[PDB]
Amino acid sequence: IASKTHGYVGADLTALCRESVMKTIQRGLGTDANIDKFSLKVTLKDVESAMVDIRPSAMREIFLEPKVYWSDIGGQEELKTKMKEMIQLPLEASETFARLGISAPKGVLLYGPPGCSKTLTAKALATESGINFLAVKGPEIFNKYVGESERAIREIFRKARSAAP
Amino acid sequence: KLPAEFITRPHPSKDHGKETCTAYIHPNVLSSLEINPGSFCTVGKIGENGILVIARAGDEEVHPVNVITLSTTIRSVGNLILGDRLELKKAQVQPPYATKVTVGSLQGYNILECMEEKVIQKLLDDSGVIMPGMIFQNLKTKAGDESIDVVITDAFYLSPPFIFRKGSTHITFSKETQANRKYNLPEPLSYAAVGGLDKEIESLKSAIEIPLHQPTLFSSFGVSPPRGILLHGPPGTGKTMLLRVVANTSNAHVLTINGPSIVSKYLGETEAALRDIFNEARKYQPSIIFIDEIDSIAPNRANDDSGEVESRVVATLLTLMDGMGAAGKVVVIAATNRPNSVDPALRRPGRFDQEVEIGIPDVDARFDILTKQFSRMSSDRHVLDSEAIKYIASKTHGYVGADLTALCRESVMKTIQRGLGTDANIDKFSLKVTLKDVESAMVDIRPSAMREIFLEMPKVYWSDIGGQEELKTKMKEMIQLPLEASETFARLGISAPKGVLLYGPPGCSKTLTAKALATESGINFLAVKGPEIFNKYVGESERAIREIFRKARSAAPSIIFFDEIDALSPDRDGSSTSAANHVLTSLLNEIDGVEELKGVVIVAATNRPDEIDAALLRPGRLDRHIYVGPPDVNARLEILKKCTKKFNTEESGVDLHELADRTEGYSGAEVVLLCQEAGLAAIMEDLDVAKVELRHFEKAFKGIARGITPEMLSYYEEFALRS
Amino acid sequence: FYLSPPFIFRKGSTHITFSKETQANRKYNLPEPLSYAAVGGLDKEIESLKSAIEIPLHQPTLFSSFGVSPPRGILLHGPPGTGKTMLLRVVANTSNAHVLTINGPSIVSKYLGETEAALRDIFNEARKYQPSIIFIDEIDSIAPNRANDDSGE
Amino acid sequence: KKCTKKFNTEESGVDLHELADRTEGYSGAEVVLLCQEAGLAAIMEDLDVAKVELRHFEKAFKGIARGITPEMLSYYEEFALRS
Amino acid sequence: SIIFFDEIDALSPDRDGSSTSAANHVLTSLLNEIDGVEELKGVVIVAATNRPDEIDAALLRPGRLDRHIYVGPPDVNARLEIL
Amino acid sequence: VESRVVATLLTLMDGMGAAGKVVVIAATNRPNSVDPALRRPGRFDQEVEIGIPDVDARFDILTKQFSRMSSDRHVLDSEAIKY
């Protein structure tokens, strides 16, 4: 249920539980003709029905977080090794960089043919690594924010900087 | 003190006789009005020429000064719902003796219990009787179970007072559903009046009964059941009627927010009134709060930054409503014309989570509404069988139901005017109501809600299409599986196609095939016009897409059809506009996204895929392709079969095979145009003709041209090969 | 009627029974106080809030000796429905210090000096007692941006 | 292999090497689409089916197209060489 | 009644000189008013244009403004009669 | 509450005598938003401009703050403050 509760938040979860309880009560009243509520209990099917019935009120989120492992991608392990040991150094070997010197690469470019799995590989790496991951879609933020795009960019950058590497 | 208004409460005492025709008024009020206890008191609902003379006076200090109790026996006549203000008048008239009285029965049973001991014992205690015939629960029917209600119809002033004495007058037994119409007595609203919203009314009844009648269950559950119900829909759908009927059918207290009347120039007056009404609702356990036109009372704070009489009232009402205890049984009802203008704070699923959606009635719902209206109307004043009502409902599509009431009223006006004009004030019994007058009124007045978010195209069967059944079978096996075999898909894994693209030459029957499949399937069908949403709304197109998608998701799995999508993606030809990019990205992130979207199936039709960007045509979205090209010989022959069946064929000297062979290069629209031209040519000579000759067909064929070039067909073929 | 009817206790008339219950009977509709375990999933945030309330309140002498102007305002910002009001209610219930809240629009009236007088009175009351906590809800509605809206009424 | 793990493989009558050889010109999204089409073709025959044959896979491969032209690949390669 | 338009070429400028929002709005309005759910039996629509080149192809479809009249220059008889 | 206040402030400032040793000083975040009548060099001719302190000024402020805090509660060298 929690995995299928990505969009809901707090009061949304409470409203979903309340809707599930209401659906259970209504189903019991309709079927068993006012039977004792002790035996009605709560079923996962009713929870799913309530979740379908009422959508989250916070669907529009500035940052988007699904967990996926390395078994799903099934890559050559060459690109996987590249992604594993090109960006792990700046986040973990900060002291090594400080003592040795030089500057971090601080940049990754992913260009490829359409229909590839760059996003899937990035999500798998983010799930495998313990570092916090923030993903924001490009066209969906600057298109509808003629002047608020700068504010959103500053907000996401400062949130990423403050909330750990 | 000077109490301008009084509140109403039922009598705690049981049984009948003692509780009826009695009042519980504080002695201080009676002393100010110098009303003797052995006199008659008049109560009126804020006026409306109401008198309602009743006997006896109040006693005991247990009740507050403002509250006055007169039981529901009298309130059932003048529709004196709980919470209505009452007025006391000093003037009174001594009732005279009644005569030639009669008694009826609300139920089907007529003339039962002639001894009527309960009625007989009521004779001695009948003081201050009134003509409208107080409705009694009848208690126990002296074996036989059930209960029979009694009503008296015959016995300036709304109801003339009378004195009932045994022996002087004779009681007559009869049966009538309601009172006589010559006395213009109000008719209480019942659930039978509301029709076409059985699911909606059932949901409202459940959402009212659960927190009110059984609050202890949720109190033990510790869930804090919601106290706010939102009814959002187009105007004229009977939301006010629903609010009124749910109040009438419920014995709990009813409180209605006036809105603008409550709001005054004083800043604290609104807060004081809201606090007073909330305290009154909380003091008595059974009570229902009604807020008519919540949108006007509580507008969007973000849209309009008005802190004068908008922000403060919203804040205070939300704080008061959030602060009530869970053990109480109080329900707040809010009705709005549009949910978008409602403030998002009130739309948060913490205060108004329970939302009831009311839409435009479909064919069966409209037919049910018409039948209910005709049954409510006197049956002897009109004759209309089932087929006539079905035809009227089919011809009635843009009307909302207030439009239906207006149509009925205009039909009555037209019938009266025609009768007086023609027959020179004849008796209205013979005039009756004719379908021709109804059609004339329908032509006269256009629907007030023609602009609709979704269009319900009347049903069409497979016989009209007359296809080769190959494309029909393909569509049957394509999109029916994700709608019915969801469990099979889950067992087998993978994902649903969740997309169908209908690209073909202009003048085809892709829309006709989609409509026929929607008619054949029992699943709900939703249709959206392409150019009618994004072009009209430069910025509101995104909100329209959001609301239509959420409505489709909520109202069960369904198939959505778009007439045109080529104009929806002009990002490649003639530059890219902000609205075009917005609608394109909305379509993309709705078709593919975090949501699995299994039940929802999207079908898109376009005139040419040239105006469609390659982003839309990607694997996993609209992958399936249908040629839906021009009809073949069999389809043209079968569609010409209907035309040949319309008139006589054997003596017309035409053969189906030769007609199909000659007209092989035309499409269905071209075939229909040729048939229409041939029919017009045939009927132009010798006026009406029972048959059409082949010369007319040849003239129609030579006069008109198909207008289709082979290059576009080759382009479509190579696009299909490329895809 | 009555939230809780009064009772009279005397020896011998009634017999005392020993049991164990987390709360009282549900039929008495008594409000249930919210504890720390009521809210979950915000361990870091709740720990930060706990430190930010404990250090200035329980240990004012250390910062007075430091003279580093200890902070007095704690800002809780986030999407609606996250549970900020729950944190405020929990910290109000679990703290024995004085609790004061501002209605906001209700306090604001047509008189320009009435709001100022009410604010002066409420902060004077807060300063009268050494342990005090001030709660303000919907500051943006009460005090919007001056640059965005040029309304000084 | 991950896609076919849902059902059996012993009685499917398909070999791993030829499946990769035939679908060499496709991509991961194309492979997923082909698998979905093959599953749909299998389930539209004889109602529910517990297995899928090679004929369904061949039909799905024939019906669908990769939709990618080598000029984009050459442009990407020359951009990579330039960068 | 019969509805006659003095000019209709300027009503569909969507093909020449770009496509303004108002032009598209009026074009779709006339289109869905001429053809729609309403039968529109008594109402007759007559369209007049100086040059049919400025008319969009989507307007010229069967069932909508299909009938065409050459209405060319008058002959010697008509010219004599009007003279 | 703006034009009248500005006008009366200007009148009062112009009415101050030379003998009287009365001075009025005000602080503003932005000088551009200030009314140019006040900015005219007849009532507010003297102006004190404070900009962004450089590294040396910041270092001096930090050293002064740490000296006020006193070393009994912290230990740091000049290199740390400079960094």
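Derivation of every value follows stated rules applied to the coordinates shown; laboratory data play no part. With ideal geometry, Cβ positions are generated from the backbone for all residues, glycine too; neighbour counts draw on all protein chains shown.
A cut-off of 5 Å between modelled amide H atoms, ignoring neighbours fewer than 5 places along the same chain, links residue B:355 with B:230. For chain C, the relative contact order is 19 percent, taking Cα pairs closer than 8 Å that sit 6 or more residues apart in sequence and dividing their mean separation by the residue count. In chain B, the DSSP beta bridges split such that about 20 percent are antiparallel, to the nearest 5.
So for the pair residue C:54, residue B:1, with labels modelled 7 Å out along Cα→Cβ, what separation do we get in nm? Going by the 7 Å Cα→Cβ label model, 6.0 nm.
Shielding value for A:4-15 is 5, the average number of Cβ atoms from other chains within 10 Å of each residue's Cβ. Per the Debye formula on identical point scatterers at the alpha carbon atoms of chain B, with no solvent, log10 I(q)/I(0) at q = 0.06 Å⁻¹ is -0.55. Within region B:629-690, the GluC sites (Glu not before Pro) that combine a DSSP coil assignment with at most 16 other C-beta atoms in a 10 angstrom radius are B:664, B:685. Exposure proxy ranking for B:312, B:451, based on other Cβ atoms within 10 angstrom of each Cβ and starting from the fewest, stands as B:451, B:312. The stretch between residue B:520 and residue B:363 holds 55.0 nm of extra length on full extension. This uses 0.36 nm per residue minus the Cα-Cα distance.
Charged neighbours of residue A:7, selected by a Cβ distance under 9 Å, balance to -2 (K, R count +1; D, E count -1). Distance between the C-alpha centres of region B:664-714 and region B:140-218: 64 Å, rounded to the whole angstrom. Counting only other chain Cβ atoms within 10 Å of each residue's Cβ, the peptide B:616-624 averages 4. When you count the other C-beta atoms within 10 angstrom of each residue and take the mean per peptide, B:137-146, B:601-610, E:47-56 line up highest first as B:601-610, E:47-56, B:137-146.
In sequence order, region B:360-376 has phi-based couplings of 5, x, 8, 5, 5, 5, 5, 4, 5, 5, 5, 5, 5, 5, 5, 5, 5 Hz under the Karplus curve 6.51 cos²θ - 1.76 cosθ + 1.60, θ = phi - 60°, and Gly or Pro positions carry x.
Can you give me the C-alpha center-to-center distance between region B:35-71 and region C:27-66, rounded to a whole angstrom? Result: 57 Å between the Cα centres. Each 5 Å bin from zero up to the one holding the largest Cα-Cα distance in region B:568-677 carries the following percent of pairs: 2, 9, 16, 14, 10, 8, 9, 10, 10, 7, 4, 2, 0.
For region D:1-70, what D do you get in µm² per second when you plug the Kirkwood radius from alpha-carbon pairs into Stokes-Einstein at 10 °C and 1.306 mPa s? It diffuses with D of about 126 µm²/s by this estimate. With a ≥ b ≥ c taken as the square roots of the eigenvalues of the C-alpha gyration tensor of region B:363-409, please select rounded if a/c is under 1.5 and otherwise prolate if a/b is larger than b/c or oblate if it is not? Because a/c hits 1.5 or more and a/b fails to exceed b/c, region B:363-409 counts as oblate. Considering region B:375-514, its Cα convex hull presents a mean projected area of 13.9 nm². Counting Cα-Cα pairs of chain C in 5 Å increments starting at 0 gives whole-percent bin shares of 1, 6, 11, 13, 15, 14, 13, 10, 7, 5, 3, 1, 1, 0, 0. DSSP finds beta bridges in the protein assembly as shown, and of those with both partners inside it, around 20 percent are antiparallel. Between 0 and 90 degrees, the angle of helix F:3-15 with respect to the longest Cα principal axis of chain F falls at about 90 degrees. Taken as Cα centroids, region B:477-540 and region B:602-639 sit 12 Å apart, rounded to the nearest whole angstrom.
When each of B:495, B:509 is scored by the number of other beta-carbon atoms lying within 10 Å, the sequence from fewest to most is B:495, B:509.
Averaged over peptide B:489-501, the number of partner chain Cβ atoms lying within 10 Å of each residue's Cβ comes to 4. Using the Cβ-Cβ distance between residue B:540 and residue B:457 with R0 set to 22 Å, the FRET efficiency from 1/(1 + (r/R0)^6) comes to roughly 0.40.
By the helix-only formula, in which each DSSP H run with n ≥ 4 contributes -39500 (n - 2.57) and the sum is divided by residues, the protein assembly as shown has a 222 nm mean residue ellipticity of -12000 deg cm²/dmol.
Please say if the protein assembly as shown is rounded, prolate or oblate, where rounded means a/c under 1.5 for a ≥ b ≥ c the square roots of the C-alpha gyration tensor eigenvalues, and otherwise the choice is prolate for a/b larger than b/c and oblate otherwise? Cα axes put the protein assembly as shown in the oblate bin.
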